[PDB]
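# Understanding the architecture of this molecule
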Amino acid sequence: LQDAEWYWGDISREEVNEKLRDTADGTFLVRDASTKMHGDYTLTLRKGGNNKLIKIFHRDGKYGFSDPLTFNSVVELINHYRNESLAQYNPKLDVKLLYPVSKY
């Protein structure tokens, strides 16, 4: 993850939104969070109307989204999903984010 694609490199609602203005009904990129001001970003996706905010559970450089913070790369994860879909971490409903945004 030297730069990833979906992620522009930690930005702000200004850039994120600006692009998610209304393009695609299910976009997804990264959002600069806080906490000691370091890592741990925030996943944000355009639900086709409102930007849904999601937090990233990080600890010492790894990530927390599926495995018990045992893995370490988001690309590896997000990749496994890009080909599939994220059932919103819960059944009954589900959505797919195959419409990332960037400048590549």
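Residues numbered from 1 in each chain as written, not as in the entry; some residues may be left out. Heavy atoms only, no water.

Per the PDB record, the structure was determined using solution NMR.

Next up on the list: the layout of surface pockets. In this approach a probe as big as a water molecule rolls over the atoms, and the regions it shows empty are the leftover space. Here the largest pocket is characterised by a volume of approximately 160 Å³. Taken together, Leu1, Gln2, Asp3, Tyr7, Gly9, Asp10, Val30, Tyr41, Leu43, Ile56, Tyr63 and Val74 make up the full set of residues lining the largest pocket. Across the lining of the largest pocket, the residue classes tally to eight nonpolar, two polar and two charged. (1 Å grid on protein atoms, 1.4 Å probe; cavity = no way out; pocket = protein on both sides within 12 Å on 5 of 7 lines; lining within 4 Å. Points joined across faces, edges and corners; volume = space filled by probe spheres on them. Nonpolar A, V, L, I, M, F, W, Y, C, P; charged D, E, K, R; others polar.)

On to the packing of aromatic side chains, then. For any pair of aromatic rings, geometry is given as the distance between the ring centres together with the angle between the planes. One pass over the full model with this rule turns up three aromatic pairs. Here the aromatic rings of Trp6 and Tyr7 are separated by 4.7 Å at their centres, their planes lie at 80°, and the arrangement is edge-to-face. The two residues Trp6 and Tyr7 agree in class, both being buried. Taken together, the ring pairs connect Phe57, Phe65 and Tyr89 into an aromatic cluster. (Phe/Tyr/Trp six-rings, centres within 6.5 Å; stacked < 30°, edge-to-face > 60°. Buried < 20%, exposed > 50% of the residue type's maximum accessible area, 1.4 Å probe, protein only.)

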